[PDB]
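Just the one chain here, the form deposited in one PDB entry, laid out as structure tokens.
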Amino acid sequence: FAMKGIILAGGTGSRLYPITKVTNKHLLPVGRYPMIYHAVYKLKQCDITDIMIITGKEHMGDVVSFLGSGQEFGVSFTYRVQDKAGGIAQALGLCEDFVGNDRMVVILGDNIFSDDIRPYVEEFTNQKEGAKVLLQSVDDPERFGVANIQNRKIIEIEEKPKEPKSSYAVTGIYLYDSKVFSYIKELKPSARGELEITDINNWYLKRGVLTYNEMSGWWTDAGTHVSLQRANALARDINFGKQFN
């Protein structure tokens, strides 16, 4: 033994092309708000008001037009550009100076879910050091990072396994201490040309300082047509009040 927020809103959006030809996936509707508003509200609800937003050079104009300084939402934004869609871990690496010695909650912009994050953030704040991942039991684990759980302990995490050990998806909501940046520096682009967040989670795991919690409500990614539509249906009654209009 001071909590920062990070929303990763980069990527090409190729899977959703052409609805992402001009826009940027995280500015597409999810319910009555642009997708990215959900991540902002999740952090705000936990009193995490210092938030860094990462996106592509081309997309930054539109993202900033929506989010501004953050004053209208009761938060405070800082922006950085990710040159190429080189990976989640690469995007997170740009936030090193912003986080400093504090802890952070990282939310992948296309992850939409019902749980409040506060209970998890509070537990993590009571955790001496390390990281925490949030799990969701899913029907199609092959699409995600998958946690191999034995006797209530994570043995290993595997990214998009052809033969999943379980149905526990490691969601895109990560809680980290500042040590993550020193490890991000020991680079390895995977078979698909990316710095993998699963490698980071396994590093903390091997160090014996990774904890996890199973989420209670619904969760979905919004990066495919079917899952984007699902997120929209699930999000119908979500209301953020007059600050978010």
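Definition used throughout: the rigid core is the maximal C-alpha set that superposes within 1.5 Å between two forms. The first residue of the sequence shown is number 1, and the count goes up from there.
One more form of this protein, deposited in another entry, exists but is not displayed; see below.
With the rigid core aligned between this form and the one not shown, only one of 45, 190, 49, 211 has a CA shift of 2 Å or more: 190. Relative to this form, the distance between the C-alpha atoms of residue 20 and residue 194 is increased by at least 3 angstroms in the other form.
The pair residue 181 and residue 193 approaches in the other form: their C-alpha atoms are at least 3 Å nearer to each other than in the form depicted.
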